file structure.cif (mmCIF, C-alpha atoms (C1' of nucleotides))
data_my_file
#
loop_
_atom_site.label_atom_id
_atom_site.label_comp_id
_atom_site.auth_asym_id
_atom_site.auth_seq_id
_atom_site.Cartn_x
_atom_site.Cartn_y
_atom_site.Cartn_z
CA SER A 178 84.14 8.09 27.58
CA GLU A 179 84.26 4.74 29.39
CA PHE A 180 80.79 3.37 30.17
CA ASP A 181 78.76 0.18 29.95
CA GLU A 182 78.37 -0.72 26.30
CA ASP A 183 75.20 -2.62 27.31
CA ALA A 184 73.49 0.58 28.45
CA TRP A 185 74.65 2.55 25.42
CA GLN A 186 73.42 -0.23 23.11
CA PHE A 187 70.14 -0.37 25.07
CA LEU A 188 69.52 3.35 24.50
CA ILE A 189 70.42 3.22 20.81
CA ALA A 190 68.21 0.15 20.44
CA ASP A 191 65.33 2.13 21.90
CA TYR A 192 65.85 5.27 19.80
CA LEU A 193 66.09 3.43 16.44
CA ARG A 194 62.71 1.79 16.96
CA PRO A 195 59.82 3.22 14.87
CA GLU A 196 58.29 4.03 18.24
CA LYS A 197 61.19 6.47 18.76
CA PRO A 198 60.43 7.42 22.34
CA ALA A 199 61.21 10.85 23.72
CA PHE A 200 64.87 11.22 24.40
CA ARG A 201 64.09 12.34 28.01
CA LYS A 202 61.68 9.48 28.88
CA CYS A 203 63.78 6.88 27.04
CA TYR A 204 66.77 8.17 29.03
CA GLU A 205 64.96 8.06 32.40
CA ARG A 206 63.88 4.49 31.54
CA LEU A 207 67.49 3.77 30.65
CA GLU A 208 68.43 5.10 34.11
CA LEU A 209 66.00 2.55 35.61
CA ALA A 210 67.60 -0.27 33.61
CA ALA A 211 71.06 1.05 34.55
CA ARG A 212 69.90 1.00 38.17
CA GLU A 213 68.85 -2.66 37.79
CA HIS A 214 72.10 -3.79 36.10
CA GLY A 215 74.31 -1.32 37.97
CA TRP A 216 75.46 0.38 34.76
CA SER A 217 77.38 3.70 34.87
CA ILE A 218 75.61 6.09 32.48
CA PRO A 219 77.08 9.20 30.78
CA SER A 220 75.65 12.75 30.81
CA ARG A 221 72.45 13.30 28.81
CA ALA A 222 74.26 16.06 26.86
CA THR A 223 77.11 13.72 25.89
CA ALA A 224 74.64 11.02 24.87
CA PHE A 225 72.68 13.36 22.61
CA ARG A 226 76.02 14.75 21.35
CA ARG A 227 77.09 11.30 20.20
CA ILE A 228 73.59 10.71 18.71
CA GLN A 229 74.40 13.77 16.60
CA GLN A 230 77.77 12.13 15.85
CA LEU A 231 76.17 8.98 14.41
CA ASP A 232 74.46 10.34 11.32
CA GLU A 233 71.47 12.25 9.94
CA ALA A 234 70.80 9.02 8.08
CA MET A 235 70.04 7.38 11.43
CA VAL A 236 66.92 9.57 11.88
CA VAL A 237 65.41 8.32 8.61
CA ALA A 238 66.81 4.85 9.49
CA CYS A 239 64.50 4.82 12.49
CA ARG A 240 61.28 6.24 10.97
CA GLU A 241 61.98 5.15 7.34
CA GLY A 242 58.90 4.47 5.25
"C1'" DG B 1 130.85 40.78 30.29
"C1'" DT B 2 126.80 40.19 26.75
"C1'" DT B 3 123.22 37.28 24.72
"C1'" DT B 4 120.50 33.02 24.19
"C1'" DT B 5 118.44 29.06 25.67
"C1'" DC B 6 116.39 26.23 29.34
"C1'" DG B 7 113.60 25.28 33.63
"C1'" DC B 8 109.84 26.62 36.45
"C1'" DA B 9 105.56 29.38 37.74
"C1'" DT B 10 101.18 31.66 37.28
"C1'" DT B 11 97.38 32.79 34.89
"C1'" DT B 12 93.80 31.95 31.47
"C1'" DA B 13 91.42 29.03 28.51
"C1'" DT B 14 88.37 25.36 27.63
"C1'" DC B 15 86.47 20.99 27.67
"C1'" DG B 16 83.79 17.15 29.22
"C1'" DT B 17 80.51 16.52 32.00
"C1'" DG B 18 76.20 16.72 34.50
"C1'" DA B 19 72.01 19.22 36.17
"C1'" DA B 20 69.46 23.00 34.34
"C1'" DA B 21 67.35 26.73 31.47
"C1'" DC B 22 64.22 28.19 27.74
"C1'" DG B 23 61.21 27.92 23.60
"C1'" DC B 24 58.43 25.50 20.71
"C1'" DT B 25 54.76 22.76 19.86
"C1'" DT B 26 51.02 19.90 21.78
"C1'" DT B 27 47.19 18.96 24.69
"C1'" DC B 28 43.47 19.38 28.19
"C1'" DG B 29 41.00 22.06 31.17
"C1'" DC B 30 37.30 24.77 32.25
"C1'" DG B 31 34.00 28.61 31.38
"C1'" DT B 32 31.03 30.31 28.31
"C1'" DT B 33 28.90 28.94 23.04
"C1'" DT B 34 26.38 26.96 19.34
"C1'" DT B 35 23.61 23.71 17.14
"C1'" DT B 36 20.36 19.90 17.16
"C1'" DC B 37 17.00 17.35 19.02
"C1'" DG B 38 12.47 16.31 21.33
"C1'" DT B 39 8.20 17.57 23.28
"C1'" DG B 40 4.36 20.32 22.69
"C1'" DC B 41 0.40 22.77 21.22
"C1'" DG B 42 -2.69 25.01 17.99
"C1'" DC B 43 -4.62 25.57 13.54
"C1'" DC B 44 -6.43 24.22 9.10
"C1'" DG B 45 -8.56 21.35 5.65
"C1'" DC B 46 -10.98 17.48 4.35
"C1'" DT B 47 -14.74 14.58 4.60
"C1'" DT B 48 -19.37 12.44 6.19
"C1'" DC B 49 -23.81 12.88 8.23
"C1'" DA B 50 -29.04 15.17 7.58
"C1'" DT B 51 -31.06 6.66 6.92
"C1'" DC B 52 -27.72 1.90 6.28
"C1'" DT B 53 -25.99 -4.67 5.21
"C1'" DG B 54 -24.61 -9.89 3.41
"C1'" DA B 55 -24.19 -13.95 -0.76
"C1'" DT B 56 -22.62 -18.50 -3.77
"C1'" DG B 57 -21.23 -23.78 -5.53
"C1'" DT B 58 -20.18 -28.51 -4.14
"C1'" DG B 59 -19.73 -32.10 -0.99
"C1'" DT B 60 -21.07 -34.74 2.88
"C1'" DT B 61 -24.02 -36.37 6.24
"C1'" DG B 62 -28.42 -37.50 8.34
"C1'" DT B 63 -32.91 -38.73 8.15
"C1'" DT B 64 -36.70 -40.58 6.15
"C1'" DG B 65 -39.00 -43.54 2.93
"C1'" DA B 66 -39.19 -47.71 0.31
"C1'" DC B 67 -38.35 -52.16 -0.45
"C1'" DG B 68 -37.12 -57.01 0.87
#

call {"tool": "encode", "arguments": {"input": "structure.cif", "output": "structure tokens"}}
result
Amino acid sequence: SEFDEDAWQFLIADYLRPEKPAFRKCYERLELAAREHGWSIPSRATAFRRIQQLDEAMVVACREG
DNA sequence: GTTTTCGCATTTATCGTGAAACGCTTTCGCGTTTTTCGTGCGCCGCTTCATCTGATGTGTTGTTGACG
């Protein structure tokens, strides 16, 4: 997996927000940003896969209260 | 000459990826539903007509009489 760290970081930054947008819309939006910066994005499946690879703790980390 | 290892080939397995399929929950969309809100009228009970309406005390002003 060799892709723009900026895009990956952008997506993670968006998911960990208490807003927690839909993975599909956040991803499409990410595609728009990637279009603007010319970033090469990975497959949605791989992205979600790695989101699974982070931690369960991340889900509470986002919406913690 | 008999066995064992080494080099090459074909077939199958699987991954990583990307676009994709399903299934769950969430909403909104429209036809038919349910309650509340006004407008509306009619009835009943109570009440008056068979006979009903104005003052006082104190202060100020004006006029008239008396006095100079």

call {"tool": "interface_residues", "arguments": {"input": "structure.cif", "of": "chain B", "to": "chain A", "cutoff": "10 Å", "atoms": "only C-alpha atoms (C1' of nucleotides)", "output": "PyMOL selection string"}}
result
chain B and resi 16-19

call {"tool": "atom_distance", "arguments": {"input": "structure.cif", "atom1": "CA of residue 180 in chain A", "atom2": "CA of residue 218 in chain A"}}
result
6.3 Å

call {"tool": "closest_residue", "arguments": {"input": "structure.cif", "among": "A:241, A:224, A:187, A:192", "to": "residue 209 in chain A", "atoms": "all atoms listed in the file"}}
result
A:187

call {"tool": "residues_around", "arguments": {"input": "structure.cif", "residues": "residue 207 in chain A", "least_positions_apart": "5", "cutoff": "9 Å", "atoms": "all atoms listed in the file", "output": "PyMOL selection string"}}
result
chain A and resi 184-185+187-188+202+212+218

call {"tool": "atom_distance", "arguments": {"input": "structure.cif", "atom1": "CA of residue 234 in chain A", "atom2": "CA of residue 205 in chain A"}}
result
25.0 Å

call {"tool": "atom_distance", "arguments": {"input": "structure.cif", "atom1": "CA of residue 227 in chain A", "atom2": "CA of residue 189 in chain A"}}
result
10.5 Å

call {"tool": "closest_residue", "arguments": {"input": "structure.cif", "among": "A:231, A:183, A:226, A:196", "to": "residue 210 in chain A", "atoms": "only C-alpha atoms"}}
result
A:183

call {"tool": "closest_residue", "arguments": {"input": "structure.cif", "among": "A:216, A:228, A:179, A:186", "to": "residue 200 in chain A", "atoms": "all atoms listed in the file"}}
result
A:228

call {"tool": "residues_around", "arguments": {"input": "structure.cif", "residues": "residue 194 in chain A", "least_positions_apart": "6", "cutoff": "10 Å", "atoms": "all atoms listed in the file", "output": "number ranges by chain"}}
result
A: 238-240

call {"tool": "write_last_selection", "arguments": {"input": "structure.cif", "atoms": "C-alpha atoms", "output": "CSV table (one decimal), in the coordinates of the input"}}
result
chain,number,residue,atom,x,y,z
A,238,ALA,CA,66.8,4.8,9.5
A,239,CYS,CA,64.5,4.8,12.5
A,240,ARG,CA,61.3,6.2,11.0

call {"tool": "decode", "arguments": {"input": "structure.cif", "residues": "range 181-194 of chain A", "atoms": "N, CA and C atoms", "output": "tab-separated table (two decimals), in the first residue's frame"}}
result
chain	number	residue	atom	x	y	z
A	181	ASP	N	-0.79	8.54	-0.99
A	181	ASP	CA	-0.63	9.83	-0.34
A	181	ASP	C	-1.06	9.77	1.12
A	182	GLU	N	-0.09	9.98	1.99
A	182	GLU	CA	-0.33	10.04	3.43
A	182	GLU	C	-1.29	11.18	3.75
A	183	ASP	N	-1.23	12.26	2.97
A	183	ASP	CA	-2.10	13.42	3.18
A	183	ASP	C	-3.58	13.07	3.05
A	184	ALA	N	-3.89	12.22	2.09
A	184	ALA	CA	-5.27	11.80	1.84
A	184	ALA	C	-5.72	10.86	2.94
A	185	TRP	N	-4.85	9.92	3.29
A	185	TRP	CA	-5.15	8.95	4.33
A	185	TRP	C	-5.44	9.69	5.64
A	186	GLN	N	-4.54	10.62	5.99
A	186	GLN	CA	-4.66	11.44	7.18
A	186	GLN	C	-5.94	12.27	7.13
A	187	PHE	N	-6.28	12.78	5.95
A	187	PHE	CA	-7.48	13.58	5.77
A	187	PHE	C	-8.71	12.75	6.15
A	188	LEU	N	-8.79	11.54	5.59
A	188	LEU	CA	-9.91	10.64	5.85
A	188	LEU	C	-10.02	10.29	7.33
A	189	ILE	N	-8.90	9.92	7.94
A	189	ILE	CA	-8.90	9.55	9.35
A	189	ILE	C	-9.34	10.74	10.19
A	190	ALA	N	-8.86	11.92	9.81
A	190	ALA	CA	-9.18	13.15	10.50
A	190	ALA	C	-10.68	13.37	10.46
A	191	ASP	N	-11.29	13.06	9.32
A	191	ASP	CA	-12.74	13.22	9.19
A	191	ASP	C	-13.53	12.18	9.99
A	192	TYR	N	-13.11	10.92	9.96
A	192	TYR	CA	-13.82	9.88	10.70
A	192	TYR	C	-13.77	10.02	12.23
A	193	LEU	N	-12.67	10.53	12.77
A	193	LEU	CA	-12.50	10.63	14.22
A	193	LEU	C	-13.19	11.84	14.83
A	194	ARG	N	-13.86	12.62	13.99
A	194	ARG	CA	-14.56	13.80	14.46
A	194	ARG	C	-15.89	13.31	15.04
